[PDB]
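Note that ligands are numbered from 1 as they come in the structure, with each ligand's atoms numbered from 1 the same way. So you know, we letter chains A, B, ... as the sequences are listed, proteins then strands, and number each from 1. Atom set for the values below is all heavy atoms of this structure, side chains included, hydrogens, waters and symmetry mates excluded.
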Protein chains: 2
Amino acid sequence: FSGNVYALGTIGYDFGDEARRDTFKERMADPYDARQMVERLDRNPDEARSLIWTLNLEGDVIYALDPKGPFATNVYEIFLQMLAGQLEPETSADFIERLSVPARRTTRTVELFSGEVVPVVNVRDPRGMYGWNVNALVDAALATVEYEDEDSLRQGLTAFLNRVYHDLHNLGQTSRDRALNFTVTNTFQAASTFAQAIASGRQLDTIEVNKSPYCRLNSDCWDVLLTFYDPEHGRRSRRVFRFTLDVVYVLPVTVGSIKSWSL
Amino acid sequence: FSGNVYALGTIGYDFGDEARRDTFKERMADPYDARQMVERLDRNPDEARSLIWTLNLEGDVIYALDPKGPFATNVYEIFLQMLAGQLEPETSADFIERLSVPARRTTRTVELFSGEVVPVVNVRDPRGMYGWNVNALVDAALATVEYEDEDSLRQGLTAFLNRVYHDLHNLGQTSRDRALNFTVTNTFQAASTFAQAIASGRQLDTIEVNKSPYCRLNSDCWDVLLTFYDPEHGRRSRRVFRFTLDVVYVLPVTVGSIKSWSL
Ligand SMILES: [Zn+2]
Ligand SMILES: [Zn+2]
């Protein structure tokens, strides 16, 4: 055990070398066309093992993803599902533009076709691997609040979810870094919780992350505070949301319910 | 000379102590209502000198702003203009949600009412101090391209400009950090340049910032590369934008025109 990783980004594939590239050049017109590769791998699942699967954060290849154990086949299936979803029209229910990947660290690295050497992490099974698109999260959020305003509320929720992602996304190795990446996951999953806040005419002000006093010993718990405010209307109370995250586990967990109160 | 600062964020004010707070409690119903303070200071400009003016990045008070020199009055006027714009309805032409502040470092600090001690920076005159709102930038961008699609293009441009801000915003002290903050400024100002890219169905992939070989000695130049790609449609060329920024000056400058080419 070399520690855990909790990473966000973009899934991709890499041929590693020219021999593997050539193998796939014979199997479709253009193996660099990911649409064609998705089709090929969907028809021939075992060929997925012949690629290097990568996690990419805003153009930086940060990890190679190695499925191992009895659920490797299951994991390859999710890899393909995520690859395919990224290629969908932005209006598709299966569209994917956000991704979470929990993994175990190793001391293994792999060389990409480019010559770059990236660290390998073990993805043992599909649990905790999520793919989202922002529009779908916003629609879920809108369903829980009363209004028209919808266009304004939709754009406010969109801007909130995107801000949280870009403010926090990171390499996902240290405890704090895993906590910040998992904060994004938790914010996405609990999007509707913040909808009344945005609908009330508030917007995110601060994100604060502290080591939590609320967990058992030998946990790795962090308290995350999101505070919302209204810049336009005088003295108005600030709304705080708190949740507690335990990242000691390779599958991080939320501890208790999301708390909220005014200041 | 202790170096330069190039900072982004939110302008605010602070009373420093209870005596100064009380002075303003007698001058309006509620001095914590920034709307009331804007009104008071617009009618009584010299009272602005009695406040601590702050720059705030996502809830962290990062600097106290000290206007000095023969243009201090001019600078206080801009402070007020920025404070007022932040309070406008989001639909107002004068709405402000993004801010750039160039300044000279000092070795002076000031204590805020809360007891926090923050570094003071000197803002000598209004040059290079910009206030934007994203919607207005997007409207400018849309004016230069052909379409309908507008709703889709508007949201794509919005997401781009917001991503760049949250990806890059920082404390703004080191050369690299000033370069990244100024990249945001330059991206905003040159928003229309990226509009064809987004209209073509591409989106930002990577931001890369390197020390530039294209400037004179004793400059502090950085090359910024923004690469755009289309995740949906097969093999399609990537579009690169490059510009060169010199942050040696307290007012950073762009060097040459923005370059663009395909890969
Ligand atoms: Zn980002
Ligand atoms: Zn941000």
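Remark: the B:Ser237 side chain and the B:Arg202 side chain contain an N/O donor-acceptor pair separated by less than 3.5 Å. No side-chain donor from either of B:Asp14 and B:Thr54 sits under 3.5 Å from a side-chain acceptor of the other. In this structure, a donor-acceptor pair under 3.5 Å is absent between the side chains of B:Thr174 and B:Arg176.
Between B:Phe160 and B:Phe228, the gap from one ring centroid to the other is short of 6.0 Å. Aromatic ring centroids of A:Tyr13 and A:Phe79 lie 6.0 Å or more apart.
Summarising the local packing, OH of A:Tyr249 is surrounded by 12 or fewer heavy atoms from other residues, nucleotides or ligands at distances under 6.0 Å.
Under 2.8 Å from the Zn ion (ligand 2), one finds the following protein N/O/S atoms: A:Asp167 OD1, B:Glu58 OE1, B:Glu58 OE2, B:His166 ND1, B:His169 NE2.
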